[PDB]
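Shown here is one chain on its own, the form deposited in one PDB entry, set out as structure tokens.
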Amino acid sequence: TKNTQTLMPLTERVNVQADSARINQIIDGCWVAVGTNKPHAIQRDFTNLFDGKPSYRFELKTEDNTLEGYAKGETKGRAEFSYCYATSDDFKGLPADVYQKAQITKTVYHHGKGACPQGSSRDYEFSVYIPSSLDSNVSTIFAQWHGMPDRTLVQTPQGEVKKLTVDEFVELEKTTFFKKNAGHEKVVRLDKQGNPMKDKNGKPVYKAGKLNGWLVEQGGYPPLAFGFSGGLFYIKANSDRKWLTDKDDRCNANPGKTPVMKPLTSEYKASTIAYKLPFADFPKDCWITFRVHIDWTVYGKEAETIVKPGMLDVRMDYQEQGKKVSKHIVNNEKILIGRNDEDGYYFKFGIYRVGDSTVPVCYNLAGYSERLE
């Protein structure tokens, strides 16, 4: 379209769990970006409009994996937009310690917009443009509905699972250094001279000592993901009914080896490939609109039961040879989808390169909207 401005880098990034987003960090009034801040990673695209608005071009080159994988030596890349985040306005008028404690418990976004409640019914819609230049063997998730773990739910060194209050978790953090989900003894960093280090505020610099037996809920597979892997486009739903998620339970369906709508299961998890299609058959160089309806599974909290299964419906619309096409790729399928958490789920789209892959990824996304139903 316009050449006065074509590709405009959007380099501001926000850690939604630990920080509120500043005004100059919010994109188009409804997104914040997460991941590598390389200029070419995320750019507003005036050359490819969707709904009369510039779209978002995401790109991860072969050397853009800035994160570590689940296994030693492995890595992963990320450049996404998150619909859920808190702003300073969300904490305006409250005592300063509310925000301070939210940062410590990693629940800042609990005070922001963008998340749906547990067991709710929601409609989502978004569009993606996959250029013919995208390698068929990329391993990337381009849209996902992410969980919001119980940040104060822990397991004592004796094995008991307890939901602490914000204040109690804050107290625990005074003596426990949590590396993701595992708790370690908090050790005071010392320099070569043997003198204790000091952060910007003059406080000691802590480091992780040995494991101290404490665990906190963190991580977990995304309840719903749209992506490419092994030469296939797929839609995968995950369910975790355990009250305190077990990261060691690797129940995760392989798009190519798992039959459609037949969940792979463990005691507490269920992973379902709701739909799969050879990459070559995925429409290229055109905007594809996905209409997704989700009835989130209702869980029993401490009871760890499935109170009510969920449901997933997906429609895929695009223009072919000059005519409107709409495929009902996931037809009102009863399914287990979600996590047994207090909080619900939030949407993200862009690039999440997984499977220890470094294959270049580049495509455009746009037109997100969510409604109640």
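The first residue of the sequence shown is number 1, and the count goes up from there. Shifts are known only where both forms have a C-alpha. The term rigid core refers to the most C-alpha atoms you can superpose between the two forms while keeping them within 1.5 Å.
Stretches 225-233 and 298-306 differ in mean CA B factor, with 298-306 having the higher one. Judged by mean Cα B factor in the deposited record, 60-68 ranks above the other of 309-317 and 60-68. Across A270, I288, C84, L211, the greatest Cα temperature factor reported in the deposited entry is at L211. When the Cα B-factors of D240, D248, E80, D191 are read from the PDB record, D191 comes out highest. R339 sits in the lowest third of its chain by CA B factor, as recorded in the PDB entry.
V354: CA B factor in the highest third of modelled residues in this chain (values from the PDB entry). Split the chain's modelled residues into thirds by C-alpha temperature factor. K348 is in the lowest one. Sort the modelled residues of the chain by CA B factor and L94 lands in the middle third. Annotation for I130: CA B-factor lies in the lowest third of the chain's modelled residues.
Omitted from view is the form deposited in another entry, to which the following refers.
Looking at CA displacements between the shown form and the other one with the core superposed, a shift of 2 Å or more is confined, among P204, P278, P259, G213, to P204. In sequence order, 2-5, 197-204 are the runs of at least 3 consecutive residues whose Cα positions differ by 2 Å or more between the shown form and the other one once the rigid core is superposed.
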